[PDB]
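Everything on this sheet refers to the single structure shown next.
Quick note: the coordinates plus some simple rules give every number you see, no bench work behind them. Here the Cβ is made from the backbone with ideal geometry for all residues, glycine too, and neighbour counts use every protein chain on show.
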Protein chains: 6
Amino acid sequence: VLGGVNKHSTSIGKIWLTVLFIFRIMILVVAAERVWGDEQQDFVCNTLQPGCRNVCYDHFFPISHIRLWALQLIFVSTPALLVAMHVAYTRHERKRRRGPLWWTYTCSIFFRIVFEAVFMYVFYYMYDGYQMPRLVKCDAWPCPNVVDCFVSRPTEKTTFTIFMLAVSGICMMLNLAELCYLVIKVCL
Amino acid sequence: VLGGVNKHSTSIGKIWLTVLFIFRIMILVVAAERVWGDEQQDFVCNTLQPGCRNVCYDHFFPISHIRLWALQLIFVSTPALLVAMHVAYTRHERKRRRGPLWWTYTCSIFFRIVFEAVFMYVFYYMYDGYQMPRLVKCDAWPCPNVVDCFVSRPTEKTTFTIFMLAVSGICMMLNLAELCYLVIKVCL
Amino acid sequence: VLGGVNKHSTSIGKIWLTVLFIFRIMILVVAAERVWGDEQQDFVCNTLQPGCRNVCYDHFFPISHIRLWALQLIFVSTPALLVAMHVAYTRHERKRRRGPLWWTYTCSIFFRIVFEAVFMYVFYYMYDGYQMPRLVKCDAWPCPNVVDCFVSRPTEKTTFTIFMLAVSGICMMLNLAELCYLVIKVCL
Amino acid sequence: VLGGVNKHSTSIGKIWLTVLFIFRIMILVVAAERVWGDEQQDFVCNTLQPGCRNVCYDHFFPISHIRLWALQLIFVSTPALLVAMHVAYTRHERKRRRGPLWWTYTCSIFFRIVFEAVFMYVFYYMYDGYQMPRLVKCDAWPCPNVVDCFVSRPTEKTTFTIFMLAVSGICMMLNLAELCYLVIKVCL
Amino acid sequence: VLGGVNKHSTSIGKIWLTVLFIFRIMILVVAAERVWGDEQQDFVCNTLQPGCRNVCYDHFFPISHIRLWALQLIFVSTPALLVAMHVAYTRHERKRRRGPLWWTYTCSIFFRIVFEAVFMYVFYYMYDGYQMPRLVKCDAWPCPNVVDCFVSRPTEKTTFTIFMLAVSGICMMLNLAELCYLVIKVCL
Amino acid sequence: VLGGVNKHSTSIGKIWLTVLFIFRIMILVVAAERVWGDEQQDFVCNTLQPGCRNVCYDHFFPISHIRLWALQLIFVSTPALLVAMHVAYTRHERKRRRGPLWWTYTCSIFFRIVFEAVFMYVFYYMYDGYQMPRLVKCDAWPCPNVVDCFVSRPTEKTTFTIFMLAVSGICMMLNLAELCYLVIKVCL
């Protein structure tokens, strides 16, 4: 909350973006330890081959969904943290002894859009959609021929995937709108 | 508590709604990790088919009850959080340099009613009542014919479902009463 | 502690009731996650029938003892919380612009007695005493004929049941004494 | 720490008793969840009789050691908490409008000795010493004849039992010394 | 944050190094209990020999990755903690009664580089790269001949290894730049 | 930190000893719940005898390594806590109404050395070195003849044992140096 206030921030940055960020954190907290907790423990494969459970789970879930969203939240909150430290350093220096603050705030908004877009593209490149399947067919060594494996709680995981994707998409649109608001105001 | 006080709020909003919100949170905290902890682990099905446990549990419990209530609490508390930030932003601007505060508070009450009603309808659309069955009959692939499966702690889960439904219904009535109090006062 | 002080409260309400409430909370904290943790996991039944463990445990323990005490503590502390908010609202209004405070405090004491009495009656209606048995005989479907099942830590659970029942009984007596003290003082 | 200071307390009550109380809490914290965590889970009995593990563990450990020490700490800290509230109530009343404080402090010391002595006598009546055996022989129904059962971590549990017994014995001696110091001073 | 500010610190030390340190801590928190939690529990070996799982896991993972990073963070933050205490001690002494502060800050930067370099060399000496294999072949006694063992979540562990190595490399470069900035300024 | 400052403390006690104490606590926190968590659970013995796992683990690990270090930290921090309370009691008395503070500080240093040496001797008397074996041969009843048992994570446990022993040895040397500094200063 505190690390989201600047003298150049409009109502969108002060209120709407801050609420959405808290919204994403709260959803992640209640859906991490309980929904994705038994992702590998309850991954069931119809085989007797030792080691087939480990390789098939790793093949279809190279990075867990919750770990991807945790990384995205850390990355998109970094520019806000950097700006806050710069403000304190400048405020300390000014007392001791647009402008520079305008460029730092504008640059932070640009990097927030880039990080938001990159992480959802990684999601689509890696899981080709939001729908978690009930069944995965795995043929990696040492599994003989093709082995059927069953995912844990596919429906609940799909529901939370739609929530995070929808909020992340809204966050980019708000960030894009704020970038346009600042640019046109200084230009015209 | 703090994010529930406005200069247009009556006694109902200041006291009764705040207590009920804390009441729902406290009940959720004591009944989440212990009552719904072993929902899938102690889901027992009378079969030898691999993967039948995963598909049958996911078929009858697409979203866990506690996750639905956690989502509802987050949604119904969002309008209160939005109003508080708007007050601080307006208070900061007024010093730096009915009305707008009346409309923001009135709009937040309307959205609280909508979110409360939507989540209760979703519950009845998804679980068709408050009574958790002891036995569920599942015929989804790969389960052969119809398989008997047994739920964990059905009676305790039914009791807490009644508590959350009753308090949610009371909270909707109180919000409706406060909305009527403000409308008639300004009209007459 | 703070939510237990009013200008009409005598020494009993200020000191003895506050200490007993903290006493009940402390006992519950140390005896919840460790004594009742494995209530169903270590519930052993002498049978080969799938699903008999789930139905027999649910039949004899419809609501866990710790969950009943947690609900009781929440209920008996609600009237105290309601009084505190009313005091703050009245104190704010008086500055901005017996009596009403006497009736609110008296009413809160009455509801504390009712909630205390109701929860112990529910305990006796549901578990017909304080002694937890070592053996339960269960004949609910699908268990064939009558099945022997064995409870986890029956002696330790009996000891803590006596503690909570005794303190709850003492708390009801103290509340009754305080109610009589206020009534006779105003009457005579 | 704060709830252990009174205007009639000598150096023993202010310093030595406070340090010992913190000493007992710290030892309990590091030795509860890890040493006694698997007391029943790793209780191994040489039998095939269902339910023999539950009844034999309950017969030889009716109350766990850590739960007994947790109860003792709660009881012996109650008189200190009662005195603190009485001081605040008297201090508030005096401003609003030996002696009584001397008797309350003296009575609290007496009850601390009684609670300390009662809990160790219960320990000796219940476990007849400090040495935890490696083997227990159990003949309670339904165990056939006599069944050998093996305790988890008997040596480590014995070591911590000696620590708590030694500190509890020292605490009584300090409390007894403080009681004698106050009595003779007022008498002579 | 507080233990990273000195009167001789430039913008790099005040802002960039502080953010990166928080960045490394945040990544470690979200990836410790969930990614490396089941490292040995889900270590599957294709054998019937008792004890082969323990010796093969210990042979290939003598120190866990998360424990190595936790040790590195503790070591690289020690010089900053030492400087802060020296500042407070000097500040207290000066009131009671370049220079010495310049040498202490310069020395702390040097030790941060050394600790950073040592821990990455230990990583390459011990795990000869960043890629975690799916399969390990173990022939330590008592495993007969050569036994195949399978690692848990090799792909996710590889991804986080790249993140920590990259940030640690960046932190070493920033520390080197700050050291050069101070040396040339005092020299010329 | 606060409980390590006295008016007679030199730079060694104020800075170096405080940092080392925090250093030992931080290492213990990250290496307790994860490295020693499965000490008995993953203790594997090559036998079919019931109860042999319990007696052999208890024979070779009478007290866990982490519990020994936790006890040592509590003991060596007690004299520092005792001194702080004595300072506050003396400071309160002086206002109400070398020297004594010099002897209390000197005595606390002496007891810190004794406790540090005693716990290190107990470690060598009990585990005869820092190297944890991979294999232990156990012949206690009821294990028939000699049974092979395998330790969990012996290499990682050895590494952390060296760390704690090295820091404890350094802490003893620093305490000895500070004791010599005070004695010679007062003598000459």
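Once you put a point 7 Å from the Cα of F:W103 and another 7 Å from the Cα of A:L188, both along the Cβ direction, what distance in nm separates them?
8.7 nm
Could you tell me which trypsin sites (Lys or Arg not before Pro) in the stretch F:4-49 are loop residues by DSSP with no more than 12 other beta carbons within 10 angstrom of their beta carbon? Write down the numbers at each step before the final one.
Details: sites: F:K7, F:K14, F:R24, F:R34; in loops: F:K7, F:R34.
Here the sparse-neighbourhood loop sites are F:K7.
Rounded if a/c is under 1.5, else prolate if a/b beats b/c, else oblate: with a ≥ b ≥ c from the C-alpha gyration tensor eigenvalues square-rooted, which is the stretch C:8-85?
Working: a/c = 4.94, a/b = 2.91, b/c = 1.70.
Prolate.
List the extent of the Cα atoms of the stretch B:79-188 along each of their three principal axes, largest first, rounded to whole Å.
73, 33, 22
Take every residue in peptide E:27-35, count the Cβ atoms of other chains within 10 Å of its Cβ, and give the average of those counts.
Details: counts 4, 1, 2, 9, 3, 2, 3, 9, 3.
If you average over the peptide's residues, the count of other-chain Cβ atoms is 4.
Can you find, among C:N175, C:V19, D:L101, the residue sitting farthest towards the positive end of the charge dipole of the protein assembly as shown, where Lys and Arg contribute +1 and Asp and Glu -1 at Cβ?
Of C:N175, C:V19, D:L101, it is D:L101.
In 20 Å bins starting at zero, report the fraction of Cα pairs in the protein assembly as shown per bin as a rounded %.
9, 32, 42, 16, 1
At a 10 Å Cβ-Cβ cut-off, how would you order D:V183, D:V44, fewest neighbours first?
Values: D:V183 11, D:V44 18.
The most exposed by this proxy come first: D:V183, D:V44.
Treating only the Cβ of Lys, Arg, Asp and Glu as charged (+1, +1, -1, -1), what charge dipole size does the stretch B:1-67 show about its Cα centre? Round to the nearest 20 debye.
Values: 6 positive and 5 negative charges, 99 e Å.
With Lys and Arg at +1 and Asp and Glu at -1, about 480 debye.
May I have the extent of the alpha carbons of the stretch D:46-137 along their three principal axes, as whole Å values ordered from largest to smallest?
Here the Cα extents, ordered largest to smallest, are 74, 24, 13 Å.
With the dipole of chain C worked out from charges on the C-beta (+1 for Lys and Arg, -1 for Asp and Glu) around the Cα centre, which of C:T161, C:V83, C:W36 lies farthest toward the positive end?
Of the listed residues, the answer is C:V83.
What is the mean number of Cβ atoms from other protein chains located within 10 Å of the Cβ atom of each residue in peptide A:119-128, rounded to a whole number? Numbers along the way, then the final one.
Working: counts 0, 0, 0, 0, 0, 0, 0, 0, 0, 0.
Other-chain Cβ atoms within 10 Å of each residue's Cβ, averaged: 0.
Where nothing but the Cβ of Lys and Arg (+1) and of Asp and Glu (-1) is charged, how large is the charge dipole of the stretch A:15-104 around its Cα centre, in debye to the nearest 20? Walk me through the intermediate numbers first.
Details: 10 positive and 6 negative charges, 212 e Å.
Here the stretch A:15-104 has a charge dipole of around 1020 debye.
Given bins 10 angstrom wide, list per bin the percent of all Cα-Cα distances in chain B, short to long.
Spelled out per bin, shortest first, that is 8, 30, 25, 17, 11, 7, 2, 0.
Quick one: E:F61, E:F111, fewest Cβ neighbours within 10 Å first, how do they rank? Intermediate values should be presented prior to the final figure.
On the way: E:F61 22, E:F111 16.
So the ranking, lowest neighbour count to highest, is E:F111, E:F61.
Below 16 Å, Cα to Cα, which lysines can F:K95 reach? Residues fewer than 8 away in the same chain don't count.
In chain and number order, the partners are D:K7.
Using a 4.7 Å cut-off between beta carbons, which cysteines in chain F end up with no partner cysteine at all?
F:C107, F:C171, F:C180, F:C187 - these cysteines have no disulfide-compatible partner (Cβ-Cβ under 4.7 Å) in chain F.
With a ≥ b ≥ c the root eigenvalues of the C-alpha gyration tensor of the stretch D:83-146, is it rounded (a/c under 1.5), prolate (a/b larger than b/c) or oblate? Working shown, then result.
Values: a/c = 6.11, a/b = 3.68, b/c = 1.66.
Prolate is the answer for the stretch D:83-146, as a/c is 1.5 or above and a/b outweighs b/c.
Order these peptides, E:87-95, D:129-137, C:157-165, by their mean beta-carbon neighbour count within 10 angstrom, highest first. Please list the in-between numbers first.
Numbers: E:87-95: 11.9, D:129-137: 15.1, C:157-165: 18.0.
Going by the mean number of other Cβ atoms within 10 Å, highest first, we get C:157-165, D:129-137, E:87-95.
How about the stretch E:103-186: which GluC sites (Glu not before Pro) there are in a DSSP loop, with at most 13 other Cβ atoms within 10 Å of their Cβ? Intermediate values should be presented prior to the final figure.
Numbers: sites: E:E116, E:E156, E:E178; in loops: none.
When the GluC sites (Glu not before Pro) of the stretch E:103-186 are filtered for loop state and at most 13 Cβ neighbours within 10 Å, nothing remains.
What 222 nm value per residue comes from the helices of the protein assembly as shown, counting each DSSP H run with n ≥ 4 as -39,500 (n - 2.57) and dividing by all residues, nearest 500 deg cm²/dmol?
Numbers: 30 runs with 714 residues, N = 1128.
One gets -22500 deg cm²/dmol as the mean residue ellipticity at 222 nm.
Within a 10 angstrom radius of the beta carbon, how do A:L179, C:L73 rank from fewest other beta carbons to most?
A:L179, C:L73
State the answer as a single residue: which of C:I113, B:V1, D:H59 lies farthest towards the positive end of the charge dipole of the protein assembly as shown, with beta carbon charges of +1 for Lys and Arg and -1 for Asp and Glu, about the Cα centre.
It is B:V1.
What's the average, rounded to a whole number, of partner chain beta-carbon atoms within 10 Å of each residue's beta-carbon in D:15-24? The partial results should precede the final answer.
Working: counts 8, 2, 0, 3, 6, 1, 0, 3, 4, 0.
Taking all residues of D:15-24 together, the mean is 3.
Where in the stretch F:70-98 does the label zone of F:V29 land, with the point 7 angstrom along Cα→C-beta and an amide N cut-off under 20 Å?
Counting backbone N atoms under 20 Å from the label point, the list is F:70-78, F:81.
State to the nearest 20 debye the size of the charge dipole of chain A about its Cα centre, where the only charges are +1 on K and R beta carbons and -1 on D and E beta carbons. The partial results should precede the final answer.
Values: 18 positive and 12 negative charges, 282 e Å.
Computed about the Cα centre, the dipole is about 1360 debye.
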